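In what follows, a single structure is set out as structure tokens and then discussed.
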Amino acid sequence: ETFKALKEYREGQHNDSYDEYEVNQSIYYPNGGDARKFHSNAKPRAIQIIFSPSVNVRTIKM
Amino acid sequence: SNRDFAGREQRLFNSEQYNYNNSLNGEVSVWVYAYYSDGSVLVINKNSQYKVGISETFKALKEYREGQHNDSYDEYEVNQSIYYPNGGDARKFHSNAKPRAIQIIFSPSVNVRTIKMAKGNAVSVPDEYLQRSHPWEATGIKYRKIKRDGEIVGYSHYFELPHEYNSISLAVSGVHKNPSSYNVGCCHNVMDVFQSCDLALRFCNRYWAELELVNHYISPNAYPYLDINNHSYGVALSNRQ
Amino acid sequence: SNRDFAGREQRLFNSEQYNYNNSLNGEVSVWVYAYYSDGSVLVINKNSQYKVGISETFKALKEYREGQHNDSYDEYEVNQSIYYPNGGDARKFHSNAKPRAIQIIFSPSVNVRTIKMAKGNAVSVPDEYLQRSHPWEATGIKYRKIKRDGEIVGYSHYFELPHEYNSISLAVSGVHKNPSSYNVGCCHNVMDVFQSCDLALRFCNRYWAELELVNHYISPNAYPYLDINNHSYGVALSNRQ
Amino acid sequence: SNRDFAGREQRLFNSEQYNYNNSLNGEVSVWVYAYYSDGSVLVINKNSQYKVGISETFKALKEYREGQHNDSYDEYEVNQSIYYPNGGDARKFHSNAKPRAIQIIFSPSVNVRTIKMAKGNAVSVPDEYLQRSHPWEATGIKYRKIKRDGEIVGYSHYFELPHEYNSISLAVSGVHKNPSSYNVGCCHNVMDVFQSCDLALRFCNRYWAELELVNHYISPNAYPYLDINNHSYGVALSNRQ
């Protein structure tokens with residue numbers, strides 16, 4: 001997944017979508033964007049990766 | 001030499017400002033800063049003679065973005081589910097409009113031993129139920145000295161609200177220092193204190209970042225501040241050029 | 001026997017809550033309930049030491065539905081036609097946002113003889129014209145005891161506004177009981193009462209039905225209430241398990 | 001002298017970066033730039049081990065302005081009239097959302113003789129009809145060396161779409177250089193190449209101008225670029241300080 005694809009998207013509701021285009025610009029390069037927030041609440045705070053027990057753990061790559 | 005009158009007058013002008021603020025004729029001031037997860041900060045300031053404070057509801061401390069969408073209907077529902085568990089029909093687990101932290105700051109003209117805080121729950125009860133509530137706690141011992149160049153420029157109490165259950169109403173209060181034995185609230189001056197209640201000036205605003213707060217609110221007004229990095233701001237004036 | 005310490009401690013814990021509230025260290029509390037024709041109810045609550053009250057404009061008591069349509073422009077006009085007959089350009093004869101009834105409730109820690117109400121007209125004049133207005137009426141004799149299990153848990157004043165001309169502003173005030181001869185407002189404690197003004201916590205909310213009010217506001221907080229069926233709510237604590 | 005170890009280590013650090021990229025352990029990368037009449041540019045980038053490519057539909061290459069109006073219903077219709085003449089009900093002769101030009105860029109770690117392109121028509125057919133389509137053309141001979149300071153920093157294929165009939169789907173593919181006789185896709189490593197398919201990282205974005213692309217995408221990441229003035233960008237690293 002891309003950075004943008006991992007950001008919170010709320011289906012059928014407002015998403016601050018124009019401002020969040022700008023958030024992205026300021027994430028890709030410091031001071032690159034014209035966003036009206038310091039920290040986007042759409043950014044993931046954590047990640048968990050889970051594999052089925054049928055994986056070989058020594059093959060996992062990230 | 002002692003004939004540098006520019007130097008002597010500069011030092012006096014600053015000392016006079018320091019001392020005037022600390023006189024019974026001067027201001028006492030309080031600020032509440034509410035810190036939100038998007039990095040924006042709400043400030044509420046009040047400035048008055050004699051005594052000063054601030055009292056806000058749970059809802060009033062929640063992030064409000066002027067002239068933009070605020071999820072306002074869903075946030076009515078968030079409130080209902082905060083006032084009573086499962087009381088609301090909200091489409092989120094955690095409202096990002098809830099303050100993540102609070103900082104209370106007093107001007108150095110406060111008497112720290114007079115500071116009082118009522119930190120209520122979300123229905124504005126200080127301590128679980130009204131029948132068992134003392135209506136304030138004296139929190140002065142918890143205030144840190146905000147210092148610049150050796151000089152106390154302010155007092156800070158900082159507390160996080162990092163858990164889902166930190167949902168608060170808040171009032172704080174302090175009294176202007178008075179080392180005299182003259183009671184400013186006794187019969188000769190009491191109606192002046194009643195007038196001071198009417199005369200107190202309030203300010204509020206939401207800044208997009210702590211950077212803006214520091215650059216455009218704290219610094220231009222020579223206010224005290226302590227930032228999230230534990231760095232002090234303000235201007236030392238006592239016997240200083 | 002007298003060796004049932006669980007029983008004795010339960011009774012003391014409750015008696016202590018009763019008595020603490022009624023101490024000079026305790027809360028006094030007031031609620032204004034405004035009842036609308038759609039069955040929803042606005043509550044305003046204030047909780048403070050020493051004395052407490054609530055003061056609202058005509059407009060502030062009108063139904064407001066958070067995050068939904070409110071006929072807001074037409075309701076500006078309704079107001080103009082309420083402030084002066086034929087002063088407005090409203091598209092309705094009677095605004096359903098006007099309160100149909102009011103209930104004032106005080107905690108049992110109030111002294112009923114101190115209760116004061118200023119029930120103004122729509123431009124906030126107590127009695128027709130300011131020049132002839134006493135700024136309050138002492139309404140204590142009109143308060144009914146809200147009782148549970150023999151115990152007074154609160155005091156209620158209920159009044160309807162069933163006529164087209166009942167358009168009001170409203171303020172109410174009461175003082176915490178004090179059977180002592182120690183004046184809490186005299187010179188030794190006066191600045192504490194001034195601080196109590198800053199420290200008072202406010203709450204407001206509109207509930208969709210009296211059922212919600214009873215289930216999710218009155219009951220979980222052990223507050224007193226009297227419903228439109230004349231049924232009492234609250235918790236008796238004096239010498240009770 | 002030979003005892004300037006800062007100098008020797010600087011040159012090695014750069015040479016190591018050059019060489020690592022070109023190792024079988026390193027990345028191979030491709031970029032598609034689509035140039036629109038309003039001067040904005042869409043970039044699609046993919047970065048992977050072993051081999052890498054990009055495949056897009058006609059519609060996917062059309063200008064999309066995030067969070068703004070896009071004439072989206074009319075542009076559904078534009079598409080219908082592109083897929084079949086007079087198939088749509090569009091209110092324009094020429095959509096300004098259609099790319100005016102394409103540039104394909106590969107990292108210098110590609111083997112140019114492995115580059116393959118399938119430039120289809122608007123219904124994703126490489127050559128008029130599927131029955132007569134070879135599914136790719138080997139276009140390596142057309143790639144220009146992007147050079148800085150003597151060093152090949154990338155490879156460019158640039159082609160305009162200046163006619164009303166240049167309506168394309170597009171896929172491109174290249175393989176990482178491998179001067180060894182070790183086949184990275186043979187049985188000892190084949191499942192690593194299958195994993196590389198999962199592990200490939202994609203990026204896409206629309207920049208308002210080529211200036212922004214150069215300043216904020218190409219330059220900060222030490223990527224190769226050739227601008228519309230035929231000027232080269234990138235960083236030379238082989239045996240350089």
Side-chain angles (χ1 to χ4, degrees), chain B residues 56-60 62 64 70 72-73 75-77 79-80 83 123-124, chain C residues 30-46 53-105 117-128 133 136 139 156-173 202-214 216-218 225 227-228:
Chain B
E56 297 293 341
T57 71
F58 167 74
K59 187 182 166 194
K62 297 175 73 194
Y64 182 71
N70 286 290
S72 81
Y73 181 73
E75 289 294 326
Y76 169 81
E77 294 294 343
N79 295 346
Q80 308 325 113
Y83 304 150
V123 293
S124 298
Chain C
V30 62
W31 290 261
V32 174
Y33 297 94
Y35 297 91
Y36 306 110
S37 58
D38 71 8
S40 64
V41 191
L42 164 68
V43 51
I44 307 160
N45 168 224
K46 204 173 294 164
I54 279 165
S55 169
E56 297 293 341
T57 71
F58 167 74
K59 187 182 166 194
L61 295 168
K62 297 175 73 194
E63 191 175 357
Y64 182 71
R65 310 185 301 168
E66 293 186 40
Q68 308 177 258
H69 285 304
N70 286 290
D71 248 32
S72 81
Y73 181 73
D74 195 53
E75 289 294 326
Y76 169 81
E77 294 294 343
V78 155
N79 295 346
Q80 308 325 113
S81 256
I82 301 309
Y83 304 150
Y84 182 85
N86 315 123
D89 177 31
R91 305 167 154 177
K92 57 179 78 79
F93 177 97
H94 174 77
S95 165
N96 293 136
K98 300 178 79 195
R100 300 295 300 178
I102 295 294
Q103 191 177 176
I104 314 294
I105 302 180
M117 174 163 85
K119 182 184 65 154
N121 75 12
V123 293
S124 298
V125 170
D127 190 13
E128 311 176 283
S133 304
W136 47 265
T139 49
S156 160
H157 186 191
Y158 184 88
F159 56 89
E160 299 164 75
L161 304 175
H163 301 119
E164 196 60 53
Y165 56 88
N166 308 128
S167 310
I168 75 166
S169 52
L170 184 58
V172 289
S173 181
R202 177 186 164 104
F203 176 82
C204 75
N205 197 42
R206 186 182 68 89
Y207 293 91
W208 294 352
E210 191 186 44
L211 187 68
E212 289 188 345
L213 183 81
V214 172
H216 294 168
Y217 181 67
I218 296 307
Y225 187 65
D227 74 12
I228 303 314

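The chains referred to below are lettered A, B, ... by the order of the sequence lines, with proteins before strands, and numbering in each begins at 1.
Residue pairs meeting the side-chain hydrogen bond (donor to acceptor under 3.5 Å, both in side chains) criterion with at least one partner in residues 80-91 of chain C, sequence neighbours excluded, are absent.
The closest donor-acceptor contact from the side chain of C:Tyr217 to the backbone of B:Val123 lies at 3.5 Å or more, if one exists at all. No donor-acceptor pair under 3.5 Å is formed between the side chain of C:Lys46 and the backbone N or O of C:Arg202. At distances below 3.5 Å, not a single donor-acceptor pair connects side-chain atoms of C:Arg206 with backbone N or O atoms of C:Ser40. Counting only distance, with no hydrogens or angles, the side chain of C:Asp71 and the backbone of C:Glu75 share no donor-acceptor pair below 3.5 Å.
Looking only at side-chain heavy atoms (C-beta outward), B:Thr57 and C:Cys204 stay at 4.5 Å or farther from each other. Between B:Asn79 and B:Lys62, some side-chain heavy-atom pair lies under the 4.5 Å cut-off. By the 4.5 Å heavy-atom criterion applied to side chains, C:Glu164 and C:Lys98 are counted as neighbours. Contact check for C:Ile104 versus C:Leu170: side-chain heavy atoms found under the 4.5 Å cut-off. Side chains of C:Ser169 and C:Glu56 form no contact here, defined as non-hydrogen atoms less than 4.5 Å apart. You'll find the side chain of C:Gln103 reaches within 4.5 Å of the side chain of C:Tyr35, heavy atoms only. Within the 4.5 Å cutoff, no side-chain heavy atoms of C:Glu63 are placed close to those of C:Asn96. When side chains are defined from C-beta on, C:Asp227 does not count as touching C:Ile218, because their heavy atoms never get closer than 4.5 Å.
Interatomic distance, CZ of C:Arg100 versus OH of C:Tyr36, reported as 13.0 Å (0.5 Å rounding). Separating the CE atom in C:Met117 from the CD1 atom in C:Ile102 is a distance of 9.5 Å, to the nearest 0.5 Å. Between the CD1 atom of C:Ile105 and the OH atom of C:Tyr33 there is a distance of 5.0 Å, given to the nearest 0.5 Å. Atom CG in C:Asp127 sits 10.0 Å away from atom NZ in C:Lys119 (nearest 0.5 Å). The CG atom of C:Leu42 sits 10.0 Å away from atom CG of C:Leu213, with the distance rounded to the nearest 0.5 Å.
A side-chain N or O of C:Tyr225 and one of C:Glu210 form a donor-acceptor pair less than 3.5 Å apart. Using modelled atom types, one finds no donor on one side chain facing an acceptor on the other under 3.5 Å when comparing B:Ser72 with B:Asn70.
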query = Checking side-chain contact (heavy atoms from CB on, under 4.5 Å) for the pair C:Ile54/C:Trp31: CA distance, chi angles, key distance, verdict?
reply = CA-CA 8 Å; C:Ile54 279 165; C:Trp31 290 261; 6.0 Å; no
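Qualifying ring-ring contact (aromatic ring centres under 6.0 Å, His included) partners for C:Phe159, counting only residues two or more places apart in sequence or in other chains: C:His157.
Taking all atoms of both residues into account, the shortest heavy-atom contact from C:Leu61 to C:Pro99 is O-CG, 3.7 Å. Taking every heavy atom of both residues into account, C:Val30 and C:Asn45 meet most closely at O-ND2, 3.1 Å.
No more than 12 heavy atoms of other residues, nucleotides or ligands shown are found within 6.0 angstrom of NZ on B:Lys59.
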